[PDB]
Ligand SMILES: [Mg+2]
Ligand SMILES: [Zn+2]
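In structure tokens:
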């Protein structure tokens, strides 16, 4: 049962298990040992907001209240705590719940304006207070969001409630759409998380090479300076176990390579054009193609991921547990290109067979008729 | 006589010496060498055939699986040079290698079961050189500098003096193979002979010979007849006393314990080790150079032999060590060019490829050992990666492969021509002393004595020579003229470093009149390593030209012999830094080599053929080829596409300007257009102008330069900078990133200058923080809650659940967007913009492929028109009938050609779409470019060719400029005191002659300003090129002097281009004699008047036209300011330079200067509150704004780091008290 | 990954006051460690402070003391170098606690000698090798008896050569005794781990954590190999490699000079983090980079008085920016800081005059790239000049040895008030007219 547990663990989990196993028996990977500076910089996020509290006088007692707010600020820019919950954190009876509103607004007014505001209407309303600038359409605008009339815009239902004049109010709503809802969250240099590919797929010219595999595959060497051959039989028993191990490991990569060839061939229609619209291959169907037992192919299918030109996929999603999609393909193909020579019905069936989609010369005709387009009448 | 270029404008020449051998190809050392690399050579000549044949046939052990190599080929390049340069792929060719697998028979007289000779096995692609002498690996032209190493052979060194404090010196021999382990013999005061493999360790000599199966009786036999201290040293037998080993087995065991110490020795392991060092054919090599210099250095008769060492070689050279040791000489220095070998891209490419072949051979013997019978064929036991992992490791990353310097058209040429003693195989900069740095008399005519870098490496680079050529083996050649008896023959012989040493060679400048017999009683000659006057008839050879000693950067210095050597160095080296100008003015005083430069590099536009130009535009040039040059098939025309406003490695702008008017005959081998810094075939590194040497009230102090406002107004020294700002991401585990098309968090203005696709529009005012490309990115399935539905309702945006990843214009930077490239990873479309670039290239190609149609269809059309007439002639009815209406064959070729149009065009279109190819996970890349015009302004660097630097101090108006009698302003005011100190007097002549060279022009213009008859200007131009008596003018009137020479006027009305060869240039009475022509005084000085006063300056003032060079040091790129930036993480400190975002490094010497002064809080704040301290910086910042200037210093954070770093050892460090 | 070279439990939380599990997020709950994922909610800066430890299955020598010129492991035992080097390399046995059999207490043997000594004296005889041998040898050896033995011996022998090495060694020993370090501590049972933020990742384990990862790995193998009952050759050579890896991790380049993946340069060790670029001189001593500074090309000042120099306008706006903020909000030109910087970013014409106010009597500091004499740094008075180039006075130009051929100058702002005074007092131009080398004028026209 050592081989079966060996195959279907995550490629990251497998190497972790072998690393423990590698310590226990003397076998060695490629060490890249040939025997003969800065990855870091500063960044500011809420630290920017803390620049405010140091320079702006809160005295001492209120500054600690403001420092308690910035922690509650989400990456989105809004407080997780309730205004009475930060009151619990300070653990003082001199906050009054009024003073916290006094400081909370003042840190709201430092750029980004609108920041650190509960319920988002604050953020929009407290956006407007500084934004007021005496003008122009905001007086009617401040009414909508403040009155709880923020049911809209779900949709002129406002007109009955707001009583302002109709079409001119859109010159307010248009001005409302110019407010940033949630400053300032901005992109850090996180790649972000990239899923290390198991296998690989791409197409060299006029062909599909599923050859894989990324550098995930461990390269193990069983040879060391202990080639010397109760003590001695232990090293023979362990070397025997380690020689079986590399064999079982090499078979895993050999199986992944094979299974990948047959799962891409069966599904190529999805692979070639777009996503979904995958012919539902069954584990047994692939299990029939090659000797592998369905239990072994289900296991290898579980956690070993797949890189595709479009997206990355678990290889378990390839499994599952029509006319409209082909019509759009026909439309897309015939509408595309055809600069001088129209695309003949025979050519479409050839193109679709080449990509793996199976359609008859007669069915392409009926699909094109249902599209309402006459074949080949259009020309230069 | 003159080329169709000189028909436009000709450059006069000064001086005497005739040119027997014209200037050779400047790109030779590159093009010819890489040509010798990749070639089909039916013999052992170096190349792919060489490494390939030598590593082959690869045979297994007794398996008779031997894999044989036959031949090879390079498939047509997958992408052309122009397309591969835009995309960033490698410009290369597939290597198709014929292999033959013959399986033998089991225990027979070489039978064959079956032979699978399988068709081409594909091993990688290899980088192809251009006609520029350059390579394209990714997107950029790069150069591989030729190297210089110790020539394979036997080295004889000394190490006298300081070795051990006795002054008794030493005799240490050595052996330097091309491949394999080194060899050394080191002598000690104890005098015993010590042999060493590599640098490893010291062993008594007996361990080598006895290991070769030599008993004691045969040791003392070879090296002795004899104990004598003044003649025959008993050194071998004095070494034999410290000998531990009595026989072969013992010596081999001790060797195996030497090379690999710390492991139990055996017999068979030692035998294979020692036999695999200097003996085995696989590990050790000499080849053609090693046995050559080996023999000649050993005084041997045979000039060739095996590439391996034998007992006779070892004992031979060992005897040579004893001969040189006792009383006999002589020492061989490492300086002589006979001990120096040059390596070129071809040779090193063959070596790396060979490494790939041996590393794959190691894997071939295995699969051929353990395999079965006929199944596996070539393409099975041979892979691709083992090859490209070598050749790419060389071309891609190597100390000898450096980015081409593309700013200055002179820099590419002086780059591809170079020498480097550093790098692989040669001495480094941390070891080799002043010896190899200095100049050797053998450098004459080969290595440029002047042009070398100044800095940590001096003399470790140097340069080539104008006429220099690569020697057959490793050496350098110099051109020489054969002088037999008293007749100097026109045969140009080539002598190597050691060859030339023994002959007696005269000098290129020696006066011979009449039929070329030496007039002098005794001419100067160089016999051996020295120079002196020699007998009249004793001349063996004579130098070809006076320029053969110097290089391109040297020869391009006017009046070189006038300037001091140091300032000549500085000047020629500064010349390579000159930035391209907006308008290229040819130098008024040149060397004549400018044409030999501008043409020798791809910066210009050459001509495959000639004949009248068809279509001349600012983009393309179409030529009609004549019949004599044109090939019979396909006929054809010459289509040229000029590169317009493209980037460069220096952030400069490269652009082509068509120089042909229209409808004009051209000659093959002529310039159709002009690239950057090239004026009508003449190399223009910059512009010249009016200079006057006077003190101005102190803005000219030292090298500071005063420039008139007229210069910055006329927009001459202005340059065009192009920067490449690129953005690519997508592919996140949360889903792909989309490029713009919506970008929440920004208002209307940002989206206004971005196209509907989301790319920036072509052209814009872009500065500061603008958005070049919108870039988004998801986070996903945030729980909506009641709140986010409201959020997604009212705005909703994208829907904007997603962050802003955008590429934005870097702050403090600006420009204008010109060109945008997109590479879309295959399988992912783009909405519009990408389709617009694809379609744009498609139309640019389609209208071009119609030229081979409309021209050929019209010609074959007229051919139909001719044949049908004898067949039913109607001329007018032929005009009448439509164009669509032997007949067999002609009607056939029509259809075939049309179909060819179809398939060719379609192939090009698919080629446009398919290759974007990018990295895994890279989805879409956008390369955006920004072009700005950077003018001149105080602080910018400006210098001459003569070694005078400069920095513009103030830009003075046209008023304050001192002016002459006619009121002409001076362009640049420079300091007189710089010349008598720097000892560069060439800049004094280049000015004076300039005043003459400009003066004639100023007259010519005036004479054309009065629009006289064709005859008067004809006579005056006759006089202009006549001047002082002699040579070598070959004056005008040869062609038509009316319509043909009229254009020679318009080009002369600016100035009069003049050629001043290096040592053949002008002279005093020549300059004065040309100054007499228009009107000028002999002193070269006139009267000036201050524009701020109107009075006269006492004494004369030297004025003229001097050539100025604008380097790229420009202030705008340098000046920096930092108040508070981002800090470092590990140790909280300011960042990486003057360059963003950091601030100037305040060093320990600055701390010493602060320690000298009583300044205490200054140093304290310097290393505490300003930078290092974590809290002190912020608590200080909250002060500075408040208006209270004070500090709460605390302790530096990096000391708190040092505490933990020491605490990571077994050491404890605390803080007490 | 928990219990790795980077972990929250071993060191600290990734996010400020946040858990790895997410139960404890706000700064309400601080001191509490966790219910589930082991972490303590705390500032993230404690991840650059706290250290871990690695337990070695076998003892290990500290290569710093062995390779020191007066080798502290060998000279403490009065043992030579080449020998103790043979002992720790597992290339020979050493005798410890000789007892009464035949041999000495410190003597060195070989294989056939070791077994030959075991066949006759089977018990009451002890000889071993490796770091354990030097450990127990150093521990059993004590300095109490050597004081009296040495001193009395010094009285006994009548030659200087007899007692010279005696008094030398005995003084070294008793000073060692007073120090508080006992010799047993040069054999490391545990190893310290540098905080994660002092050896930051690039996601490529590097230089360092590469080394640490080697020592960890190869050591864990030994920890499992002892319990797995493996012969003497295997565990012997892997103990040797454990010593090798700790050697490289502590101070590389002493013997093996292991070099990181993709080669060729040897990976930097912990001593290389002290012995630095040229040294730790880079940061602590040489004061590294400094804020409120910048450079640009230098041109002529002929219109300047001796006490003043030119400065770029756009550069001065950045240099004095923190002063310009406060001076702006002090006049009421800007409400708060955010609007103040928002104004200086727009470069509104009102702020240049504010700058003119704070830059008038406020001195600056120039300097050249090379600095020799104390006059190499001279403070002048700033004069706003339009351009990107800095202007220097020609009289003091002879001090810097500054040619106008394209050299650059560095500027500095004396922020704290005392510094503002020291810049105009002892650092000014007029106050140094005479070179400290010679009392002759340094201002002399050129
Ligand atoms: Mg200088
Ligand atoms: Zn937790």
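Residue numbers (the entry's author numbering), protein chains in the order written: chain M, 20 to 55, 112 to 230, 233 to 306, 314 to 405, 416 to 474; chain I, 2 to 226, 337 to 996, 1010 to 1341; chain J, 52 to 253, 260 to 503.
Beta carbons are placed, not taken as given, at the ideal position from N, Cα and C, and that holds for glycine.
- Annotation: residue 113(M) to residue 1253(I) spans about 9 Å, alpha carbon to alpha carbon.
- Secondary structure at residue 305(M): coil, using DSSP grouped into helix, strand and coil.
- Below 8 Å, enough C-beta pairs join the segment 432-442 of chain J and the segment 474-485 of chain J to call them touching: three or more.
- Listed along chain I is no residue with a C-beta nearer than 8 Å to that of residue 337(M); the closest approach is about 17 Å.
- Around ligand 1, the residues whose beta-carbon falls short of 7 Å from at least one of its heavy atoms are 460(J), 462(J) and 464(J), given in chain order.
- Of all residues in the segment 374-391 of chain J, only 375, 376, 378, 379, 380, 382, 383 and 387 place a beta-carbon less than 7 Å from a beta-carbon of chain I.
- For the C-beta of residue 394(J), the chain M residues within less than 9 Å are, from N- to C-terminus, 126, 127, 130, 131 and 185.
- The closest CA to that of residue 1040(I), considering only 48(I), 11(I) and 87(I), is found on 87(I).
- Between the alpha carbons of residue 1055(I) and residue 926(I) lies a distance of about 5 Å.
- Taking 9 Å as the CB threshold, residue 843(I) lines the interface with chain M.
- Within the model, the alpha-carbon separation for residue 787(I) versus residue 781(I) is close to 17 Å.
- A residue is called buried once 16 or more other Cβ atoms fall within 10 Å of its Cβ, and residue 526(I) is buried on that count.
- Ranking 406(I), 1184(I), 1233(I) and 102(I) by CA distance to the CA of residue 420(I) puts 406(I) first.
- With its beta carbon less than 9 Å from one in chain I, residue 280(M) belongs to the interface.
- Contact with chain J is found for residue 303(M), since one of that chain's Cβ atoms lies less than 9 Å from the residue's Cβ.
- Sequence-distant partners of residue 1325(I) (beyond 5 residues in either direction) whose C-beta falls short of 8 Å from its own C-beta, in its chain, are 1254 and 1255.
- In the structure shown, residue 377(M) adopts coil according to DSSP, grouped into three states.
- A Cβ-Cβ distance of about 13 Å is found for the pair residue 459(J) and residue 499(J), leaving them out of contact under the 8 Å criterion.
- At a cut-off of 9 Å between beta-carbon atoms, residue 315(M) makes contact with chain J.
- For the segment 539-565 of chain I, the full-length alpha helix (DSSP H) segments reaching 4 residues or more read 545-548 along the chain.
- Minimum Cα-Cα distance from residue 121(M) among the listed residues 173(M), 261(M) and 441(M) corresponds to 261(M).
- Using a Cβ-Cβ distance cut-off of 8 Å, the segment 337-345 of chain M and the segment 430-444 of chain M are not in contact, since fewer than three pairs of beta carbons, one from each stretch, lie closer than that value.
- Annotation: Cβ neighbours of residue 53(M) in chain J (cutoff 7 Å, chain order): 316 and 320.
- For residue 114(M), the residues of chain J that pass the 8 Å Cβ criterion are 251, 252, 253 and 263, in the order they occur in the chain.
- If you draw a 10 Å sphere on the C-beta of residue 31(M), you find fewer than 16 other C-beta atoms in it, and that means exposed.
- Beta-bridge pairing by DSSP links residue 674(I) to 1108(I).
- Just so you know, the alpha carbons of residue 874(I) and residue 825(I) end up roughly 25 Å apart.
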